[PDB]
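Below you'll find the structure, written out as structure tokens, and then a few comments.
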Amino acid sequence: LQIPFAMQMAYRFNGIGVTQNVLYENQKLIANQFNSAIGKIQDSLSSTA
Amino acid sequence: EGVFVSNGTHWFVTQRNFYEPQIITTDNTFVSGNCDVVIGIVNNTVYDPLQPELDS
Ligand SMILES: *[C@@H]1O[C@H](CO)[C@@H](O[C@@H]2O[C@H](CO)[C@@H](O)[C@H](O)[C@H]2NC(C)=O)[C@H](O)[C@H]1NC(C)=O
Ligand SMILES: *[C@@H]1O[C@H](CO)[C@@H](O)[C@H](O)[C@H]1NC(C)=O
Ligand SMILES: *[C@@H]1O[C@H](CO)[C@@H](O)[C@H](O)[C@H]1NC(C)=O
């Protein structure tokens, strides 16, 4: 069943006991922290076996 | 405890796992802050059940 990705992430915030407005009010910060953290995976896997 | 949904003309709130549309009210919803921050927010009436009761 399709759902917009930011709305799926608001359901996942509700699942950890954090209210949905905490996602929508911080959505760019949350997306930047995710995009940044995936760059750390990329570099760490390239850096060491 | 729901999701906001539209049939193309009207806005409702539903439980997430089963389509059951309800009028959007001050009891179905909570406020946080103003219209400026949320990406993709839409303009609609939110009904307040007390106001016709005060109109009695
Ligand atoms: C969206 O839902 C509303 C509310 O159920 C529908 O509005 C009703 O439509 C019928 C048929 O046109 C009318 O007899 C009623 O008087 C309408 N009620 C209200 C409160 O407007 C609306 O038709 C639905 N829209 C779509 C595109 O299905
Ligand atoms: C939704 O996506 C469409 C197509 O990319 C775009 O025109 C629109 O501005 C977007 N709206 C929001 C709130 O993201
Ligand atoms: C929503 O309503 C406000 C106040 O009536 C108005 O300034 C704004 O342009 C509206 N937004 C949209 C997307 O229509």
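Chain labels run A, B, ... following the order of the structure tokens; each chain numbers its residues from 1, and ligands are numbered from 1 in the order shown.
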Proximal residues of chain A relative to chain B (only C-alpha atoms; 7 Å) as JSON, numbers by chain:
{"A": [21, 24, 25]}
With only C-alpha atoms and all ligand atoms counted, collect every polymer residue having an atom within 12 Å of ligand 1; state the result as a ChimeraX atom specification. /B:5-13,20-23
Pull N, CA, C and O atoms from the residues just selected and write them as a PDB file, in the first residue's frame.
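This went into out39.pdb:
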ATOM      1  N   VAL B   5      -7.075  12.078   4.981  1.00  0.00           N
ATOM      2  CA  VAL B   5      -7.412  11.481   3.693  1.00  0.00           C
ATOM      3  C   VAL B   5      -8.432  12.349   2.981  1.00  0.00           C
ATOM      4  O   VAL B   5      -9.285  12.956   3.617  1.00  0.00           O
ATOM      5  N   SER B   6      -8.381  12.383   1.655  1.00  0.00           N
ATOM      6  CA  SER B   6      -9.376  13.061   0.838  1.00  0.00           C
ATOM      7  C   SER B   6      -9.889  12.195  -0.295  1.00  0.00           C
ATOM      8  O   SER B   6      -9.115  11.541  -0.991  1.00  0.00           O
ATOM      9  N   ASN B   7     -11.203  12.252  -0.510  1.00  0.00           N
ATOM     10  CA  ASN B   7     -11.910  11.600  -1.611  1.00  0.00           C
ATOM     11  C   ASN B   7     -11.900  12.420  -2.919  1.00  0.00           C
ATOM     12  O   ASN B   7     -12.490  12.002  -3.912  1.00  0.00           O
ATOM     13  N   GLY B   8     -11.253  13.589  -2.923  1.00  0.00           N
ATOM     14  CA  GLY B   8     -11.149  14.508  -4.055  1.00  0.00           C
ATOM     15  C   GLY B   8     -11.833  15.855  -3.818  1.00  0.00           C
ATOM     16  O   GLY B   8     -11.432  16.849  -4.420  1.00  0.00           O
ATOM     17  N   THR B   9     -12.814  15.923  -2.915  1.00  0.00           N
ATOM     18  CA  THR B   9     -13.499  17.180  -2.548  1.00  0.00           C
ATOM     19  C   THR B   9     -13.461  17.461  -1.048  1.00  0.00           C
ATOM     20  O   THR B   9     -13.324  18.614  -0.648  1.00  0.00           O
ATOM     21  N   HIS B  10     -13.535  16.428  -0.210  1.00  0.00           N
ATOM     22  CA  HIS B  10     -13.660  16.541   1.245  1.00  0.00           C
ATOM     23  C   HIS B  10     -12.488  15.882   1.958  1.00  0.00           C
ATOM     24  O   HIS B  10     -11.854  14.983   1.411  1.00  0.00           O
ATOM     25  N   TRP B  11     -12.183  16.357   3.161  1.00  0.00           N
ATOM     26  CA  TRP B  11     -11.123  15.844   4.023  1.00  0.00           C
ATOM     27  C   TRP B  11     -11.698  15.144   5.242  1.00  0.00           C
ATOM     28  O   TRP B  11     -12.582  15.666   5.918  1.00  0.00           O
ATOM     29  N   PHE B  12     -11.149  13.975   5.539  1.00  0.00           N
ATOM     30  CA  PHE B  12     -11.527  13.101   6.636  1.00  0.00           C
ATOM     31  C   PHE B  12     -10.286  12.623   7.366  1.00  0.00           C
ATOM     32  O   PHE B  12      -9.180  12.675   6.843  1.00  0.00           O
ATOM     33  N   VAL B  13     -10.469  12.100   8.567  1.00  0.00           N
ATOM     34  CA  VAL B  13      -9.457  11.315   9.274  1.00  0.00           C
ATOM     35  C   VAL B  13      -9.932   9.872   9.355  1.00  0.00           C
ATOM     36  O   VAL B  13     -11.121   9.637   9.546  1.00  0.00           O
ATOM     37  N   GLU B  20     -12.479   4.005   7.245  1.00  0.00           N
ATOM     38  CA  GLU B  20     -13.617   4.431   8.050  1.00  0.00           C
ATOM     39  C   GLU B  20     -13.519   5.952   8.246  1.00  0.00           C
ATOM     40  O   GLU B  20     -12.885   6.403   9.196  1.00  0.00           O
ATOM     41  N   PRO B  21     -14.029   6.772   7.316  1.00  0.00           N
ATOM     42  CA  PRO B  21     -13.828   8.212   7.333  1.00  0.00           C
ATOM     43  C   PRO B  21     -14.661   8.915   8.403  1.00  0.00           C
ATOM     44  O   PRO B  21     -15.860   8.678   8.535  1.00  0.00           O
ATOM     45  N   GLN B  22     -14.038   9.835   9.132  1.00  0.00           N
ATOM     46  CA  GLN B  22     -14.684  10.675  10.135  1.00  0.00           C
ATOM     47  C   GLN B  22     -14.421  12.153   9.871  1.00  0.00           C
ATOM     48  O   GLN B  22     -13.370  12.508   9.341  1.00  0.00           O
ATOM     49  N   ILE B  23     -15.353  13.022  10.259  1.00  0.00           N
ATOM     50  CA  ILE B  23     -15.176  14.477  10.205  1.00  0.00           C
ATOM     51  C   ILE B  23     -13.974  14.875  11.064  1.00  0.00           C
ATOM     52  O   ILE B  23     -13.786  14.373  12.170  1.00  0.00           O
TER      53      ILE B  23
END
TODO: For each of A:32, A:20, A:27, A:14, take the minimum atom-to-atom distance to ligand 2, counting only C-alpha atoms and all ligand atoms, then give the residue where this is smallest.
DONE: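 Looking at the shortest contact to ligand 2, the residue is A:27.
Here the question is which of A:1, A:11, A:6, A:39 gets nearest to ligand 2 using only C-alpha atoms and all ligand atoms, and that residue is A:6.
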Residues near region 42-51 of chain B, anyone? I mean within 7 Å using only C-alpha atoms, not counting same-chain ones fewer than 2 positions away, as a count of residues only. 7
Any chance you could list, as a PDB file with C-alpha atoms, in the first residue's frame, the residues in chain B that come up helix (DSSP H, G or I) when DSSP is run on the backbone?
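Written out: result_21.pdb:
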ATOM      1  CA  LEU B  50     -18.334  22.801  21.912  1.00  0.00           C
ATOM      2  CA  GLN B  51     -19.196  25.756  19.599  1.00  0.00           C
ATOM      3  CA  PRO B  52     -22.789  24.681  18.609  1.00  0.00           C
ATOM      4  CA  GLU B  53     -23.213  23.684  22.310  1.00  0.00           C
ATOM      5  CA  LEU B  54     -22.335  27.318  23.280  1.00  0.00           C
TER       6      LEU B  54
END
*In chain B, what's strand (DSSP E or B) per DSSP? Answer as a VMD selection string?*
chain B and resid 3 to 6 11 to 14 22 to 23 25 47
File of the preceding selection, N, CA and C atoms, as a compact mmCIF listing (two decimals), in the first residue's frame:
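This went into result_3.txt:
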# COMPACT_ATOMS: atom_id res chain seq x y z
N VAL B 3 -4.91 8.87 10.03
CA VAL B 3 -4.28 9.52 8.88
C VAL B 3 -5.29 10.44 8.20
N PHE B 4 -4.89 11.63 7.75
CA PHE B 4 -5.78 12.50 6.98
C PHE B 4 -5.87 12.05 5.53
N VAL B 5 -7.07 12.08 4.98
CA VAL B 5 -7.41 11.48 3.69
C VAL B 5 -8.43 12.35 2.98
N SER B 6 -8.38 12.38 1.66
CA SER B 6 -9.38 13.06 0.84
C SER B 6 -9.89 12.19 -0.30
N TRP B 11 -12.18 16.36 3.16
CA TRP B 11 -11.12 15.84 4.02
C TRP B 11 -11.70 15.14 5.24
N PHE B 12 -11.15 13.98 5.54
CA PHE B 12 -11.53 13.10 6.64
C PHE B 12 -10.29 12.62 7.37
N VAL B 13 -10.47 12.10 8.57
CA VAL B 13 -9.46 11.31 9.27
C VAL B 13 -9.93 9.87 9.35
N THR B 14 -9.05 8.90 9.17
CA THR B 14 -9.39 7.47 9.25
C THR B 14 -8.42 6.74 10.17
N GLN B 22 -14.04 9.83 9.13
CA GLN B 22 -14.68 10.67 10.13
C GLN B 22 -14.42 12.15 9.87
N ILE B 23 -15.35 13.02 10.26
CA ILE B 23 -15.18 14.48 10.21
C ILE B 23 -13.97 14.87 11.06
N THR B 25 -12.10 16.93 13.65
CA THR B 25 -12.51 17.71 14.81
C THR B 25 -11.35 17.95 15.76
N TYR B 47 -13.60 21.08 12.88
CA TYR B 47 -14.82 21.32 13.64
C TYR B 47 -14.58 21.25 15.15
Interatomic distance between CA of residue 9 (chain A) and atom 1 (C, counted along the ligand's line) of ligand 3?
->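 Separation between CA of residue 9 (chain A) and atom 1 (C, counted along the ligand's line) of ligand 3: 24.8 Å.
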